[PDB]
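Consider the single chain below, provided in structure tokens and representing the form deposited without this ligand.
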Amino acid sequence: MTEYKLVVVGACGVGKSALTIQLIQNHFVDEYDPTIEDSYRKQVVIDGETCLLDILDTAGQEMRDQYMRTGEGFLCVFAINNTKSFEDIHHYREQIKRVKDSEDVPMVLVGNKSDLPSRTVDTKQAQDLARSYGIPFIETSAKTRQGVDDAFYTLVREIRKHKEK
């Protein structure tokens, strides 16, 4: 069983906890406690490989540098109806680059809440940013579970592309 250490980063309220809960439990949580920062496991077969995913759901206030230093891949999450959350991505990416001392860190940009009407961040802005960074862009809904598996599996794939597993 190969382990993958994943970290989910991004602003409060973008749906980090809700995505993580969906992947594991196939349940959408309407409110999940914003101060619960924890680590979750999921055994999944991806491309004929039994993976044990170790997902840190970041939370709390602004041991951290430990998961950040050793995490193999990062989900950088904004909400499509939260312009500030999107603007914040630059900071998360910068800081991840710093800790890894690398422009090439396995990462996926996730634009969540795709079910909500009238996005304030359009797919073009999100694609432009992902392209600049050399990373995939995936739109999700934790509410409906759409793109949720795609985000996490694509991250596992970006990790493999970077390093032997």
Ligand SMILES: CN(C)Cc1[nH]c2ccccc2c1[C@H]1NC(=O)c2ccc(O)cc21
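Quick note: we count residues from 1 along the sequence shown, nothing fancier.
In the deposited entry, the stretch joining residue 101 to residue 102 is continuous, with no residue of the deposited sequence left without coordinates. Legend: mean Cα B-factor per stretch from the PDB entry, 111-119 versus 35-43; the higher mean is in 35-43.
Higher average CA B factor: 24-32, of the stretches 24-32 and 133-141.
Across 126, 55, 52, 68, the greatest Cα temperature factor reported in the deposited entry is at 68.
Residue 3: CA B factor lies in the middle third for its chain, per the PDB record. In the PDB entry, residue 163 places in the middle third of its chain by CA B-factor.
We do not show the form solved in complex with this ligand, though everything after this point is about it.
Just one of 41, 27, 131, 124 comes within 4.5 Å of this ligand in the deposited complex, counting any heavy atom, and that one is 41. None of the heavy atoms of residue 135 is located within 4.5 Å of this ligand in the deposited complex. Contact annotation: residue 56 falls within 4.5 Å of this ligand in the deposited complex, judged by heavy atom distances.
Contact between residue 102 and this ligand in the deposited complex is not found at the 4.5 Å heavy atom cutoff. Using a 4.5 Å heavy atom cutoff, 37, 63 and 67 all lie near this ligand in the deposited complex.
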